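Enquirer: Based on what follows, work out the 3D shape:
(chains A, B and C)
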Amino acid sequence: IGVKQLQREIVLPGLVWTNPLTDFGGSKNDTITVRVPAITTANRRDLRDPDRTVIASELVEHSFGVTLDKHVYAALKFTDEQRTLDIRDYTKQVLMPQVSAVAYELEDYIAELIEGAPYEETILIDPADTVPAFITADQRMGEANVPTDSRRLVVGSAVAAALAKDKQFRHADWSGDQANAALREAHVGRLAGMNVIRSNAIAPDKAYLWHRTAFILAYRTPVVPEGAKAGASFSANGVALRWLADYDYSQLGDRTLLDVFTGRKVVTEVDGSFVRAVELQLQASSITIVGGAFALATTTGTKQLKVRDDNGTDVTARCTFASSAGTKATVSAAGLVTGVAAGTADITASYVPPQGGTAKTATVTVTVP
Amino acid sequence: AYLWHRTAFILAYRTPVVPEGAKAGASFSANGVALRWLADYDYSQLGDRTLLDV
Amino acid sequence: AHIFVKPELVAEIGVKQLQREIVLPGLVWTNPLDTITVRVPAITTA
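Expert: Residues are numbered from 1 along each chain as shown, chains lettered A, B, ... in the order given. Next comes the structure:
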């Protein structure tokens, strides 16, 4: 009646360098070789030197390859036994979910590209004062002579929450914003010269700053084969896709496929050091378990634990779980606890903070009925 | 070298009809002999197939 | 010394594989049709 499933929002595809070069089909191995102009070095002699020779400099221009190497598709197999009496409107019950699925897959592709880049080091964000971390991020990317324009800053939900909670932005006297956009709203627009963009695709407690020429996305719409009954050019997030439906008679079920060809590249420098983007991670100091002490439904009951640090990030996947009394109940490595006997047990969750040192410890009590 | 009257070698040709499970395409023809052109995408192999025949 | 980045150019100059000239189809009787029967007439003697 209007209740829709909760789904993410698309920010990342518009914030990367998409299709600077297109003719991938004209090159061997589908690799286009981008060249970089050469630079040289001068030399210094001494006046009136008896030695009258000159050191000859050299002009060497490097290059790197961009390749199409992935084929993102969403394939649906529904039989004509369900097409004419189950789906009422095709263009809103199957086509739109398929397009949204491909769009989210492309966003995840870009997010893996951003997070998977070979960052040399991570800049720590102190939750008490977050501005020094971002100014340091701006400073690291200025020592590499990266241009000051076309820089994008994408923060996770946790970093945005910490920015709003920061007294540098929350207190009007400490920020000069005599409207407290960080108090009346939770928004912190401009920061250290960088426009903050909130996102959920990236890890919740991380932020990424990158120049426009740091990541390259290449897209190609597969050409619709002449041998297909259907065929369209649905567009998702400004990236056209190929939709192809074939009425296969192998099992009397028509199949559909919505696909595109994708390629990613990180623009490393000539010395193989990545300096056109930096990453920041929110610093953590303690962890707790939501729900506190609880009780299972049965003696063999199962409950999925959930650990949150002081920042509020779900750190369940990054914790090691131990049971004080495994004879009554045990806990999986993923946080799920199963009781094996009635009685009390103590569960310890350990999380190494993202700055090194002794891991934080959170202890909870589980009463298996 | 062969010397033959016109009514001495007869060749009969037929252009097949396009099946239901494939498209039609163009109307190519050999030297007078018309030809049938097909196209049938193979979803199971993600590939397309084409055929001229008579 | 100096190193340059260049693309392997590919060009077409009109050199093509040599193919036979088609002559025979056209000189042989042809009919666009499962089968066709002929109707040779009958001769007699006086």
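
Enquirer: and residue A:69, how far is that from residue A:24?
Expert: Remark: distance between residue A:69 and residue A:24 (CB to CB, to the nearest Å) = 10 Å. In short, each C-beta sits where N, CA and C put it, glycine included.

Enquirer: Which parts of chain C are strands?
Expert: In chain C, the strands defined using DSSP state E lie at C:29-32.

Enquirer: Tell me who's in contact with residue A:185.
Expert: Residues near residue A:185 by CB atoms under 8 Å, 6 or more residues apart in numbering or on different chains: none.

Enquirer: any idea which helix or strand carries it?
Expert: Counting by DSSP states H and E, there is no helix or strand that carries residue A:185.

Enquirer: and if you look at residue A:243?
Expert: Assigned by DSSP H and E, residue A:243 belongs to strand A:242-246.

Enquirer: Which residues outside that strand are in contact with it?
Expert: For strand A:242-246, the surrounding residues in contact (CB under 8 Å, 6+ apart) are A:95, A:98, A:221-225, A:228-234, A:254-260, B:41, B:43.

Enquirer: which of the residues you listed are buried?
Expert: For these, a burial check counting by 16 or more other CB atoms under 10 Å in any protein chain shown picks out A:95, A:98, A:224-225, A:228, A:234, A:254-260, B:41, B:43.

Enquirer: Which neighbouring elements make contact with the helix or strand just after the strand holding residue A:243?
Expert: Per DSSP H and E, strand A:242-246 leads on to strand A:255-266 as the next helix or strand towards the C-terminus. Secondary-structure packing of strand A:255-266 (3 or more CB pairs under 8 Å, 6 or more residues apart in numbering or on different chains; DSSP states H and E): strand A:63-67, strand A:70-77, helix A:95-115, strand A:215-220, strand A:242-246.

Enquirer: CA atoms of strand A:255-266 as CSV?
Expert: Coordinates of the C-alpha atoms in strand A:255-266 are reproduced here as CSV (Å, rounded to 0.1, in the frame of the first residue of the first chain):
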residue,chain,number,x,y,z
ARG,A,255,15.0,-15.5,-19.9
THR,A,256,16.0,-11.9,-19.6
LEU,A,257,19.4,-10.3,-19.2
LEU,A,258,20.4,-6.7,-18.4
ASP,A,259,24.1,-6.2,-18.7
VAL,A,260,27.0,-3.9,-19.4
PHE,A,261,30.8,-4.1,-19.8
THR,A,262,32.8,-2.4,-17.1
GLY,A,263,36.4,-1.6,-16.5
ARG,A,264,38.2,0.1,-13.5
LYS,A,265,41.6,1.7,-13.1
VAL,A,266,43.5,3.5,-10.4
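
Enquirer: Would you mind listing what in chain C touches chain A?
Expert: Within chain C, the positions adjacent to chain A are C:1, C:2, C:3, C:4, C:5, C:7, C:8 by CB under 8 Å from any CB of the partner chain.

Enquirer: unless I'm mixing things up, the second one is touching residue A:56, no?
Expert: Read it as residue C:2. No - in this structure, residue C:2 is not within contact of residue A:56 by CB atoms under 8 Å, at 10.0 Å.

Enquirer: Could you list which residues are in contact with residue A:162?
Expert: Counting by CB under 8 Å, 6+ apart, residue A:162 touches A:125, A:127, A:130, A:282, A:311.

Enquirer: which among those residues gets closest to residue C:24?
Expert: Closest to residue C:24 out of those is residue A:282 (81.3 Å), distances taken as CB to CB.

Enquirer: Give the bridge partners for that closest one, please.
Expert: residue A:125 (DSSP bridges).

Enquirer: which of the contacts of residue A:162 lies closest to chain C?
Expert: residue A:125 (40.5 Å; CB to the nearest CB).

Enquirer: Could you check how far that closest one is from residue A:165?
Expert: 12 Å.

Enquirer: shared neighbours of the two, anything?
Expert: With CB under 8 Å, 6+ apart applied, the contact sets of residue A:125 and residue A:165 do not overlap.

Enquirer: follow-up on the earlier one: are there residues contacting both of residue A:69 and residue A:24? Which ones?
Expert: Common neighbours of residue A:69 and residue A:24 are listed as A:30, A:263 (criterion: CB under 8 Å, 6+ apart).

Enquirer: Pairing partners for the host helix or strand of residue A:197, with directions?
Expert: Using DSSP H and E, residue A:197 sits within strand A:194-198. Strand pairing for strand A:194-198, using DSSP bridges, gives strand A:151-155 (parallel), strand A:190-191 (antiparallel).

Enquirer: With just CA atoms, put that strand into PDB.
Expert: This file holds the C-alpha atoms of strand A:194-198, laid out as PDB (Å, rounded to 0.1, in the frame of the first residue of the first chain):
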ATOM      1  CA  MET A 194      36.000  20.100   0.600                       C
ATOM      2  CA  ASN A 195      32.300  19.600   0.000                       C
ATOM      3  CA  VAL A 196      31.200  16.600   2.100                       C
ATOM      4  CA  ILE A 197      29.100  14.000   0.300                       C
ATOM      5  CA  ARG A 198      27.400  11.400   2.600                       C
END
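
Enquirer: And for it, what's in contact with it?
Expert: So strand A:194-198 is contacted by A:11, A:15, A:134, A:138, A:151-157, A:160, A:163, A:188-190, A:209 (CB under 8 Å, 6+ apart).

Enquirer: go again using 7 Å as the cut-off
Expert: If you take CB atoms under 7 Å, 6 or more residues apart in numbering or on different chains as the criterion, strand A:194-198 is touched by A:11, A:15, A:151, A:152, A:153, A:154, A:155, A:157, A:160, A:188, A:189, A:209.

Enquirer: middle-most residue in chain C, spatially?
Expert: Against the mean C-alpha coordinate of chain C, by CA atoms, centre = their mean, the closest residue is residue C:22 at 5.4 Å.

Enquirer: helices or strands up against the helix or strand hosting residue A:350?
Expert: Using DSSP H and E, residue A:350 sits in strand A:343-351. Contact analysis of strand A:343-351 by 3 or more CB pairs under 7 Å, 6 or more residues apart in numbering or on different chains; DSSP states H and E lists strand A:287-289, strand A:320-323, strand A:360-368 as its packing neighbours.

Enquirer: nearest to residue C:15, of those strands?
Expert: strand A:320-323 (68.8 Å).

Enquirer: Setting aside sequence neighbours, what's the nearest residue to residue 7?
Expert: Just going to use chain A. Of all residues beyond its chain neighbours, the one nearest residue A:7 is residue A:100 (7.2 Å), with distances taken as CB to CB, 6 or more residues apart in numbering or on different chains.

Enquirer: wrong one, chain C
Expert: Closest to residue C:7 by CB to CB, 6+ apart is residue A:33, at 7.2 Å.
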